[PDB]
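Structure record follows, encoded as structure tokens.
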Amino acid sequence: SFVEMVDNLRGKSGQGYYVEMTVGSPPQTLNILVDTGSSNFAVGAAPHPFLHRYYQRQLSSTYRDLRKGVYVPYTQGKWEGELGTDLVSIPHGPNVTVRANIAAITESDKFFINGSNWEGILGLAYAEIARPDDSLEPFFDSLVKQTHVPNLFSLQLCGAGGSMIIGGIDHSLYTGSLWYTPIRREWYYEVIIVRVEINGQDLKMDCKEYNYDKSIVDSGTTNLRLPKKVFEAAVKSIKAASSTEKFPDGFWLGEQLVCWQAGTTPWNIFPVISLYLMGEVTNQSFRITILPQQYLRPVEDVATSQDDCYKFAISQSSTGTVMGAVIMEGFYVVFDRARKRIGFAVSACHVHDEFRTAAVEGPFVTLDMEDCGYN
Ligand SMILES: CC(F)(F)c1cccc(CN[C@H]2CS(=O)(=O)C[C@@H](Cc3cc(F)c(N)c(Br)c3)[C@@H]2O)c1
């Protein structure tokens, strides 16, 4: 039941969101990062300073060794492992157990994070981007093939963890309309941005620029990441809007804190960002609106806790647009694989203050008939 799956996520935008899973027989419990930006299921399978626990294959009587290796480099971080299959379940997910491919991680570099509380990663994207290649069936594909569970899941990520609902839409997790954008190609969850506004002002670029290389929805990435040209325009607009405030050297590069007296963060001087996504009907679109409460990521540190401190959670990308966790937060996002579309609605934990709120609004119509896809 969906009600049983509500609030089955913990974690952060910055260090990711994780769900409890089990692997092996008898079941070994692990926390697993939920990642719509990759397609491998991999778990720590050897001791590591940052691992609280790990998959012990010798204690699983249902483990099968595939006698093959696998290497996965992400944008940051990488791991190497041995492939096998074993029985996998999600205690606070669907009431099923399936046999799935598992990469047992034996070596890693800057993959595991100190204090994150997860021990593996669940890549929920498509086989096309699986390593070593597309012949390695991803977990969700195995889940759908071996059970009767409908081919879709939804994510409700919440900031200061959320819910992953597998097999259907939980109407209790959103208000207002659910708006759908097509999945352009089934590899990453690739979508098309047709228009960008910052505080109501159109950036006025050829819309292909917004999707340069590609645009994807990626729960495993913290920031909104933008192609260079779009990033520079965004920073220009946000800097102009917040000009009454002085920001530290390096703030706009995303690795320097800015702090304000507790409760006094000047939210109002930062603009809202609107991303218009391609609709299901020709030249119609809808927008999701992003508040500074989203793109200024709070950095919890007891040492700095006399004040409220933030990092700028928009970054320049070399890999195309990435709608990461800070974008997904506050929205109910439906990965409707069966109908090749992604839905957005306002969730119960959407960000807002007394003047402004995150929103999903449509339809909007565009005159120009250009295809905004880059490829
Ligand atoms: C082919 C591939 F593996 F799917 C691939 C390769 C490069 C980029 C992408 C896009 N998705 C990536 C973006 S990322 O910033 O590297 C985070 C990564 C998951 C991840 C890896 C990590 F280490 C750590 N700590 C954390 Br937290 C989270 C996503 O998965 C996918």
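In each ligand, atom 1 is the first atom listed, and ligand 1 is the first ligand listed. Each residue takes its place number in the sequence, starting with 1.
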What residue and atom, counting heavy atoms only, is the protein's closest point to atom 18 (C) of ligand 1, and at what distance? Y74 CD2, 3.8 Å
Atoms of ligand 1, numbered as shown, that sit under 4.0 Å from any heavy atom of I129: 1 (C), 4 (F)
Answer side chain, backbone, both or neither: which part of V322 comes under 4.0 Å from ligand 1, heavy atoms only. neither
For ligand 1, does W118 get within less than 4.0 Å through its side chain, its backbone, both, or neither, judged by non-hydrogen atoms? side chain
Tell me whether the rings of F364 and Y276 are parallel (<30°), tilted (30 to 60°) or perpendicular (>60°). perpendicular
Does the plane of the ring in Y332 sit parallel, tilted or perpendicular to the ring in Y174? Use 30° and 60° as the thresholds. parallel
Just heavy atoms, cut-off under 4.0 Å: does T75 contact ligand 1 by side chain, backbone, both, or neither? both
Considering only non-hydrogen protein atoms, determine which one is nearest to atom 24 (C) of ligand 1 and report residue, atom name and distance to 0.1 Å. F111 O, 3.8 Å
Hey, which atoms in ligand 1 end up nearer than 4.0 Å to a heavy atom of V72? 3 (F)
Verify the distance criterion only: is there a donor paired with an acceptor across the side chains of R337 and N151 at less than 3.5 Å? yes
Could you find the nearest protein heavy atom to atom 17 (C) of ligand 1 and give me its residue, atom name and distance? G220 O, 3.3 Å
Atom indices of ligand 1 within 4.0 angstrom of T221 heavy atoms, with elements: 13 (C), 14 (S), 15 (O)
Could you see which bit of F112 sits under 4.0 Å from ligand 1, with heavy atoms only: side chain, backbone, both or neither? neither
Do me a favour and list the nearest non-hydrogen protein atom to atom 29 (C) of ligand 1 with residue, atom name and distance? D35 OD2, 3.4 Å
Taking 4.0 Å as the limit for heavy-atom contacts, which would you say applies to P73 with ligand 1: side chain only, backbone only, both, or neither? backbone
Is there a donor-acceptor contact under 3.5 Å linking the side chains of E20 and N8? no
Polar contact flag, side-chain donor to acceptor under 3.5 angstrom, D368-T366: no
Go through ligand 1 atom by atom and flag the ones less than 4.0 Å from a non-hydrogen atom of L33. 26 (C), 28 (C)
Do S315 and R225 have side-chain atoms, one donor and one acceptor, less than 3.5 Å apart? yes
Atoms of ligand 1 under 4.0 Å from any heavy atom of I121, numbered from 1 in the order shown, are 19 (C)
Checking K78 against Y71: charged group under 6.0 Å from the ring centre and within 45 degrees of the axis? no
What part of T319, side chain from CB on, backbone N/CA/C/O, both or neither, has a heavy atom under 4.0 Å from ligand 1? neither
Honestly, for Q76 the part within reach of ligand 1 (heavy atoms, under 4.0 Å) is both
Numbering as shown, the atoms of ligand 1 that approach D218 to under 4.0 Å (heavy-atom distance): 10 (C), 11 (N), 12 (C), 13 (C), 29 (C)
Distance from atom 10 (C) of ligand 1 to nearest protein heavy atom, with residue and atom: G37 O, 3.3 Å
Parallel, tilted or perpendicular: which one describes the rings of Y63 and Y55, with boundaries at 30° and 60°? perpendicular
Can you find an N/O atom of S39 closer than 3.5 Å to an N/O atom of ligand 1? no
Between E329 and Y17, is there a side-chain donor-acceptor contact under 3.5 Å, judged purely by atom types and distance? yes
Return yes if a side-chain donor-acceptor contact under 3.5 Å exists between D218 and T221, otherwise no. yes
In terms of side-chain heavy atoms, does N117 have a donor or acceptor partner in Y18 at a distance below 3.5 Å? yes
Indicate whether any N or O donor in one side chain lies under 3.5 Å from an N or O acceptor in the other, for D86 and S60. yes
